[PDB]
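Okay, input37.cif is below, mmCIF, C-alpha atoms (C1' of nucleotides) and all ligand atoms:
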data_model
#
loop_
_atom_site.label_atom_id
_atom_site.label_comp_id
_atom_site.auth_asym_id
_atom_site.auth_seq_id
_atom_site.Cartn_x
_atom_site.Cartn_y
_atom_site.Cartn_z
CA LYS A 1 22.09 -3.67 -158.94
CA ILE A 2 19.75 -1.90 -161.37
CA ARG A 3 16.21 -0.64 -160.76
CA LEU A 4 13.22 -1.09 -163.05
CA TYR A 5 12.46 2.57 -163.75
CA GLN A 6 16.10 3.13 -164.71
CA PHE A 7 16.01 0.32 -167.28
CA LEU A 8 13.09 2.09 -168.96
CA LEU A 9 14.50 5.62 -168.77
CA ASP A 10 17.78 4.56 -170.40
CA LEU A 11 16.12 3.06 -173.48
CA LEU A 12 13.91 6.13 -173.85
CA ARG A 13 17.09 8.22 -174.02
CA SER A 14 18.95 5.64 -176.13
CA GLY A 15 16.09 4.80 -178.49
CA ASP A 16 17.39 1.23 -178.42
CA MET A 17 13.79 -0.03 -178.77
CA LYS A 18 11.85 2.76 -180.47
CA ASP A 19 9.40 0.15 -181.81
CA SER A 20 8.49 -0.86 -178.23
CA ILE A 21 8.63 2.36 -176.16
CA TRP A 22 8.50 6.08 -176.90
CA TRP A 23 7.83 9.45 -175.31
CA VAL A 24 4.37 10.99 -175.40
CA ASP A 25 5.59 14.36 -174.08
CA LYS A 26 9.32 14.03 -173.40
CA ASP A 27 9.05 17.28 -171.41
CA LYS A 28 6.08 16.36 -169.21
CA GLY A 29 7.68 12.96 -168.55
CA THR A 30 5.03 10.73 -170.14
CA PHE A 31 5.82 7.56 -172.07
CA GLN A 32 3.84 4.75 -173.66
CA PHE A 33 4.48 1.17 -174.75
CA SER A 34 3.56 -0.46 -178.05
CA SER A 35 0.47 -2.60 -177.48
CA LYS A 36 2.00 -5.14 -179.89
CA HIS A 37 5.73 -4.94 -179.07
CA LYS A 38 5.54 -4.53 -175.29
CA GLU A 39 6.20 -8.24 -174.77
CA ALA A 40 9.52 -8.08 -176.63
CA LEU A 41 10.67 -5.39 -174.17
CA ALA A 42 9.57 -7.06 -170.93
CA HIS A 43 11.35 -10.11 -172.35
CA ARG A 44 14.62 -8.16 -172.36
CA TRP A 45 13.94 -6.96 -168.81
CA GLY A 46 13.74 -10.51 -167.47
CA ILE A 47 17.01 -11.22 -169.27
CA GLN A 48 18.94 -8.33 -167.71
CA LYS A 49 17.71 -9.61 -164.32
CA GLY A 50 18.34 -13.31 -164.97
CA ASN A 51 15.10 -14.49 -163.37
CA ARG A 52 14.16 -18.17 -163.36
CA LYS A 53 11.25 -17.68 -165.79
CA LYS A 54 10.81 -15.40 -168.78
CA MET A 55 9.44 -11.96 -167.97
CA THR A 56 5.94 -11.15 -169.21
CA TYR A 57 4.57 -7.63 -169.53
CA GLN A 58 1.83 -8.57 -167.06
CA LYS A 59 4.49 -9.28 -164.42
CA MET A 60 6.60 -6.21 -165.21
CA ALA A 61 3.52 -3.99 -165.01
CA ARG A 62 2.81 -5.62 -161.64
CA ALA A 63 6.12 -4.13 -160.51
CA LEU A 64 5.34 -0.64 -161.84
CA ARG A 65 2.20 -0.40 -159.71
CA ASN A 66 4.41 -0.75 -156.61
CA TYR A 67 6.11 2.55 -157.49
CA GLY A 68 2.75 4.22 -156.82
CA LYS A 69 3.26 4.38 -153.06
CA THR A 70 6.70 6.01 -153.40
CA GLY A 71 5.97 8.17 -156.46
CA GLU A 72 8.75 7.00 -158.80
CA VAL A 73 6.14 6.15 -161.45
CA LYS A 74 2.40 6.81 -161.48
CA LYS A 75 0.05 5.20 -163.99
CA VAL A 76 -1.83 7.47 -166.37
CA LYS A 77 -5.50 7.09 -167.22
CA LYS A 78 -4.36 6.59 -170.84
CA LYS A 79 -3.65 3.27 -172.56
CA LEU A 80 -0.31 1.71 -171.59
CA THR A 81 0.96 5.12 -170.45
CA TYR A 82 3.02 5.91 -167.36
CA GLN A 83 4.74 9.02 -166.03
CA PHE A 84 8.16 9.52 -164.45
CA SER A 85 8.78 11.83 -161.51
CA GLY A 86 11.01 14.87 -161.76
CA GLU A 87 13.69 13.62 -159.38
CA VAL A 88 14.39 10.76 -161.79
CA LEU A 89 14.67 12.95 -164.89
CA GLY A 90 17.06 15.23 -162.98
CA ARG A 91 15.18 17.81 -160.92
"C1'" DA B 1 -27.82 -5.00 -174.72
"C1'" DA B 2 -25.28 -8.15 -174.14
"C1'" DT B 3 -20.43 -10.00 -174.83
"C1'" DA B 4 -15.34 -11.51 -175.77
"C1'" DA B 5 -11.03 -9.54 -175.28
"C1'" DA B 6 -7.64 -6.61 -173.46
"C1'" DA B 7 -6.00 -3.81 -169.81
"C1'" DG B 8 -5.53 -3.00 -165.26
"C1'" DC B 9 -5.69 -4.00 -160.22
"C1'" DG B 10 -3.59 -6.14 -155.84
"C1'" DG B 11 -2.70 -9.74 -152.12
"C1'" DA B 12 0.47 -13.22 -150.91
"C1'" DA B 13 4.47 -16.02 -151.13
"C1'" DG B 14 8.83 -16.25 -153.15
"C1'" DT B 15 13.23 -14.87 -154.92
"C1'" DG B 16 18.35 -13.03 -155.57
"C1'" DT C 1 15.93 -5.69 -145.64
"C1'" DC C 2 15.20 -4.61 -150.39
"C1'" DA C 3 13.32 -4.69 -155.22
"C1'" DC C 4 11.09 -7.07 -157.34
"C1'" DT C 5 9.18 -11.86 -158.86
"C1'" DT C 6 5.63 -15.12 -159.33
"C1'" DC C 7 1.10 -16.56 -158.69
"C1'" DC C 8 -3.78 -16.49 -158.67
"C1'" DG C 9 -8.13 -14.06 -158.40
"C1'" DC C 10 -10.88 -10.21 -159.16
"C1'" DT C 11 -12.24 -5.86 -161.18
"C1'" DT C 12 -12.62 -2.59 -164.68
"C1'" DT C 13 -12.53 -0.55 -170.23
"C1'" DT C 14 -12.90 -1.13 -174.59
"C1'" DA C 15 -14.32 -2.93 -178.99
"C1'" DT C 16 -17.71 -5.44 -181.55
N1 LIG A 101 -10.94 -5.67 -176.49
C1 LIG A 101 -10.04 -4.75 -176.89
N2 LIG A 101 -9.57 -4.79 -178.09
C2 LIG A 101 -9.61 -3.70 -175.93
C3 LIG A 101 -8.99 -2.54 -176.42
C4 LIG A 101 -8.57 -1.54 -175.58
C5 LIG A 101 -8.76 -1.71 -174.21
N3 LIG A 101 -8.44 -0.87 -173.16
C6 LIG A 101 -8.86 -1.52 -172.02
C7 LIG A 101 -8.71 -1.00 -170.67
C8 LIG A 101 -8.27 0.26 -170.27
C9 LIG A 101 -8.25 0.47 -168.89
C10 LIG A 101 -8.63 -0.63 -168.12
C11 LIG A 101 -8.73 -0.73 -166.68
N4 LIG A 101 -8.65 0.34 -165.81
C12 LIG A 101 -8.80 -0.20 -164.54
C13 LIG A 101 -8.80 0.43 -163.30
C14 LIG A 101 -8.97 -0.35 -162.19
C15 LIG A 101 -9.12 -1.74 -162.27
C16 LIG A 101 -9.31 -2.53 -161.02
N5 LIG A 101 -9.17 -3.87 -161.07
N6 LIG A 101 -9.60 -1.95 -159.91
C17 LIG A 101 -9.13 -2.36 -163.51
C18 LIG A 101 -8.96 -1.58 -164.63
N7 LIG A 101 -8.91 -1.88 -165.98
SE1 LIG A 101 -9.09 -2.08 -169.20
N8 LIG A 101 -9.42 -2.72 -172.35
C19 LIG A 101 -9.38 -2.86 -173.72
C20 LIG A 101 -9.80 -3.87 -174.57
#
Mind turning the file's structure into structure tokens?
Amino acid sequence: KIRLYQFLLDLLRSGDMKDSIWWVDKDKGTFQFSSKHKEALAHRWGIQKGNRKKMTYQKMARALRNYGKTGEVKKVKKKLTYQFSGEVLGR
DNA sequence: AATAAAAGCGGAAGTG
DNA sequence: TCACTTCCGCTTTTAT
């Protein structure tokens, strides 16, 4: 199956939802969600998974915080900003 | 100086 | 066993 952080990375490289997600420093690995359009993205996440209920950003973000222990994604002290790890980008 | 609102946190049970 | 999902409760930041 697919993993969460991959679903995000792909769009960031595809620009499929530029209105909902964008790079802050595409080199450093930072990205940020639109405070207004974040729901329309989490909605598409719950669709690609086929969950019983519709996916809300609050629930999706609850998943991101579980990447903290492994390092895949670490929250930033900024608003709605997270950071990928190097291994995911490539090396 | 208090607030209402938004963001963020995390345990626990549950799911495909 | 995984990778979340869902739920509820609390805590923290910000804007006004
Ligand atoms: N009214 C508004 N227009 C408004 C606008 C912007 C806002 N930016 C925030 C927050 C930013 C960071 C927050 C936060 N960092 C936390 C760390 C730990 C915990 C915890 N539970 N340990 C909780 C945390 N919450 Se909230 N709130 C806003 C409101």
Could the residues of chain B within 9 Å of chain A, counting only C-alpha atoms (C1' of nucleotides), be given as a list in words, please? residues 7, 9, 10, 15 and 16 of chain B
Box centre and edge lengths (Å, one decimal), axis-aligned, ligand LIG 101 (chain A) plus 5 Å each side, as lines of an AutoDock Vina configuration file:
center_x = -9.6
center_y = -2.6
center_z = -169.0
size_x = 12.7
size_y = 16.1
size_z = 28.2
Considering only C-alpha atoms (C1' of nucleotides), tabulate each residue of chain A that lies at most 9 Å from chain C along with its nearest interatomic pair and the corresponding distance in Å to one decimal; arrange the rows by chain and ascending residue number and present them as a Markdown table.
| residue | atom | partner | partner_atom | distance |
| --- | --- | --- | --- | --- |
| A:3 | CA | C:3 | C1' | 7.4 |
| A:4 | CA | C:4 | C1' | 8.5 |
| A:51 | CA | C:5 | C1' | 7.9 |
| A:53 | CA | C:6 | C1' | 8.9 |
| A:59 | CA | C:5 | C1' | 7.7 |
| A:60 | CA | C:5 | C1' | 8.9 |
| A:63 | CA | C:4 | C1' | 6.6 |
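Picture a line from atom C9 of ligand LIG 101 (chain A) to atom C1' of residue 8 of chain B; it runs 5.7 Å.
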A straight line from atom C11 of ligand LIG 101 (chain A) to atom CA of residue 88 of chain A spans 26.3 Å
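The spacing separating atom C20 of ligand LIG 101 (chain A) from atom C1' of residue 12 of chain B amounts to 27.4 Å.
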Out of A:30, A:14, A:48, A:81, which residue has the shortest atom-to-atom distance to ligand LIG 101 (chain A) when counting all atoms listed in the file?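 Using all atoms listed in the file, ligand LIG 101 (chain A) sits closest to A:81.
Those residues positioned at most 10 Å from (7.2, 0.0, -180.6) are residues 17, 18, 19, 20, 21, 22, 32, 33, 34, 35, 36, 37, 38, 40 and 41 of chain A, judged using only C-alpha atoms (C1' of nucleotides).
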